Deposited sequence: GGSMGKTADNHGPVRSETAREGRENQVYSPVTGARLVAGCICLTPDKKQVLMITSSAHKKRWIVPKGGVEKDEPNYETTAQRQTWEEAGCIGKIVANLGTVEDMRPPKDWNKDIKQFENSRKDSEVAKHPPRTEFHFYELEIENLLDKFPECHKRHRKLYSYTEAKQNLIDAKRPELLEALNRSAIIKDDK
């Protein structure tokens, strides 16, 4: 729908999501992408014009995409999808300047329940991963900005 909300500055699509952690904080909940069937990501989605805050969007998408209920325990701030040839400064190399694709507002959630039936339960897989596994999945998914969000969480990395 054209019910989506965009940054008035950069025109980046405004998305909220959840780093959903087990109470012991040893594992994060990950879902498969709908387009890229084999790629493991975290629950997230576009803010809608009616929604009063990012927490609403985040908890709605965590239910819809992952059948996961929990309490938001931290605001993990923002990360950007910086995807659209190169510009070399002679001490480093960078991609040619462009506006961000997406601006993500992430929250840490403590999982309280996982339900077997949820809206996207037939079009996605869903599973708990240790930090090391989760980190490798996000690299495999080519989503370093989601890994940045994961890294700000209280997930045990040792």
Original post:
Can you list the gaps, numbered from 1 on the deposited sequence, where no C-alpha is modelled?
Top reply: 1 to 22, 107 to 115, 190 to 191
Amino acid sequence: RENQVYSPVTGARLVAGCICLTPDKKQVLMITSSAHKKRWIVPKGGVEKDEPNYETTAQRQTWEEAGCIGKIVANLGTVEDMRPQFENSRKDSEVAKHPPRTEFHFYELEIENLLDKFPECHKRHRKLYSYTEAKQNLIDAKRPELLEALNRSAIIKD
From here on, numbers count along this sequence of modelled residues.
Original post:
Going by the B-factors listed in the PDB entry, is the mean over the C-alpha atoms higher for 37 to 45 or for 92 to 100?
Top reply: 92 to 100
**OP:** For the higher mean C-alpha B factor in the entry, choose 146 to 154 or 5 to 13.
**Re:** 5 to 13
Subject >> Selection by C-alpha B-factor (highest) of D50, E55, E64, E108 >> reply: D50
**OP:** Go through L76, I72, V79, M82 one by one and give the residue whose Cα B-factor in the PDB entry is largest.
**Re:** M82
